[PDB]
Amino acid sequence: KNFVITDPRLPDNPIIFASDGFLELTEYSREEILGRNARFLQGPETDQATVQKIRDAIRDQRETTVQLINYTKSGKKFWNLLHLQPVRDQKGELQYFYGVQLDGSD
(Lines of atoms letter the chains of each structure in order from A and count residues from 1; the text may use other names and numbers.)
(Lines give C-alpha, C1' and ligand atoms only; values in the text may rest on other atoms or scores of the structure.)
Protein backbone atom coordinates (compact mmCIF):
# COMPACT_ATOMS: atom_id res chain seq x y z
CA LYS A 1 0.00 0.00 0.00
CA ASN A 2 2.34 2.67 1.32
CA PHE A 3 5.93 2.50 0.10
CA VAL A 4 8.84 4.72 -0.89
CA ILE A 5 12.17 4.22 -2.63
CA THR A 6 15.25 6.30 -1.88
CA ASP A 7 18.61 6.78 -3.62
CA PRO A 8 21.52 6.46 -1.14
CA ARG A 9 24.02 7.39 -3.86
CA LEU A 10 22.55 10.91 -3.91
CA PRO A 11 23.24 13.34 -1.05
CA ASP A 12 21.10 12.70 2.04
CA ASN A 13 19.40 9.58 0.63
CA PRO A 14 16.38 11.35 -0.93
CA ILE A 15 13.02 9.85 -1.83
CA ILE A 16 12.89 9.20 -5.59
CA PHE A 17 9.59 7.30 -5.66
CA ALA A 18 6.45 7.24 -3.51
CA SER A 19 3.21 5.27 -3.84
CA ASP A 20 -0.23 6.88 -3.91
CA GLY A 21 -0.87 5.24 -0.56
CA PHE A 22 2.12 7.02 1.00
CA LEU A 23 0.83 10.36 -0.31
CA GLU A 24 -2.60 9.71 1.18
CA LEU A 25 -1.12 8.53 4.48
CA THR A 26 1.17 11.54 4.91
CA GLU A 27 -1.02 14.18 3.20
CA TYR A 28 1.95 15.40 1.09
CA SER A 29 1.95 15.62 -2.72
CA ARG A 30 4.49 13.73 -4.82
CA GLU A 31 5.96 17.07 -5.81
CA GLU A 32 6.38 18.07 -2.15
CA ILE A 33 8.37 14.97 -1.18
CA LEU A 34 10.56 13.92 -4.11
CA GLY A 35 14.20 14.82 -3.45
CA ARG A 36 13.78 15.01 0.33
CA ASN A 37 14.99 12.65 3.04
CA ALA A 38 12.04 10.83 4.71
CA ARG A 39 12.91 12.28 8.16
CA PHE A 40 10.44 15.15 7.55
CA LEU A 41 7.74 12.77 8.87
CA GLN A 42 9.23 12.90 12.36
CA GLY A 43 8.10 15.36 15.02
CA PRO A 44 7.70 16.32 18.71
CA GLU A 45 6.76 12.87 20.11
CA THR A 46 9.18 10.82 17.94
CA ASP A 47 11.50 8.69 20.13
CA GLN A 48 15.08 9.64 19.27
CA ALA A 49 16.24 6.19 20.34
CA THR A 50 14.19 4.70 17.52
CA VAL A 51 15.56 7.26 15.07
CA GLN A 52 19.06 6.23 16.09
CA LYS A 53 18.19 2.56 15.45
CA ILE A 54 17.06 3.48 11.96
CA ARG A 55 20.20 5.55 11.36
CA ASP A 56 22.28 2.54 12.37
CA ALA A 57 20.35 0.15 10.11
CA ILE A 58 20.93 2.44 7.17
CA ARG A 59 24.65 2.72 7.91
CA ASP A 60 24.93 -1.07 8.19
CA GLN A 61 22.66 -1.67 5.18
CA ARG A 62 20.49 -4.15 6.96
CA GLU A 63 16.81 -4.64 6.83
CA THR A 64 14.89 -3.50 9.88
CA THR A 65 11.35 -3.13 11.20
CA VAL A 66 10.51 -0.47 13.76
CA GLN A 67 7.56 1.35 15.27
CA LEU A 68 7.77 5.16 15.53
CA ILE A 69 5.59 8.26 15.82
CA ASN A 70 5.26 10.25 12.57
CA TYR A 71 3.26 13.31 11.53
CA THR A 72 1.19 14.16 8.49
CA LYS A 73 1.65 17.45 6.63
CA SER A 74 -1.09 19.01 8.77
CA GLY A 75 0.60 17.76 11.96
CA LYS A 76 -1.61 14.73 12.70
CA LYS A 77 0.23 12.09 14.75
CA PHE A 78 0.23 8.47 13.73
CA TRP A 79 2.16 5.38 14.71
CA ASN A 80 4.21 4.27 11.70
CA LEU A 81 5.11 0.59 11.47
CA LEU A 82 8.13 1.06 9.22
CA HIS A 83 10.00 -1.69 7.30
CA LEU A 84 13.33 -0.78 5.59
CA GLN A 85 15.20 -2.89 3.03
CA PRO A 86 18.45 -2.23 1.12
CA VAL A 87 18.78 -3.22 -2.57
CA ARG A 88 22.17 -3.60 -4.26
CA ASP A 89 23.29 -3.81 -7.88
CA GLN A 90 24.78 -6.83 -9.57
CA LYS A 91 28.32 -5.67 -8.64
CA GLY A 92 27.06 -5.67 -5.05
CA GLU A 93 27.07 -1.93 -4.43
CA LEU A 94 24.17 -0.44 -2.52
CA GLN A 95 21.77 1.10 -5.03
CA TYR A 96 18.41 1.77 -3.31
CA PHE A 97 16.50 1.51 -0.07
CA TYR A 98 12.80 0.83 0.03
CA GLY A 99 10.47 1.45 2.90
CA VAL A 100 6.96 0.20 3.61
CA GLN A 101 4.77 2.23 6.00
CA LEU A 102 1.78 0.94 7.95
CA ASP A 103 -0.47 3.21 9.97
CA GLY A 104 -1.00 1.57 13.35
CA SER A 105 -4.00 3.72 14.24
CA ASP A 106 -7.26 1.93 15.07
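For every residue, the number given is its place in the sequence shown, counted from 1.
Given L81, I58, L41, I33, the residue at which the Cα B factor reaches its maximum: When the deposited C-alpha B-factors of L81, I58, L41, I33 are compared, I33 is largest.
Modelled-residue ranking by C-alpha temperature factor, third containing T46: Tercile = highest for this residue's CA B-factor.
Cα B factor band for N37 (lowest, middle or highest third within the chain): CA B-factor rank for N37: lowest third.
Ranked C-alpha temperature factor of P86 among modelled chain residues, by third: Lowest third, going by the recorded CA B-factors of the chain.
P8 CA temperature factor, ranked by third within the chain: For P8, whose C-alpha B-factor we compare with every modelled residue in the chain, the answer is the middle third.
For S29, the third of its chain into which the C-alpha B factor falls: CA B-factor rank for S29: middle third.
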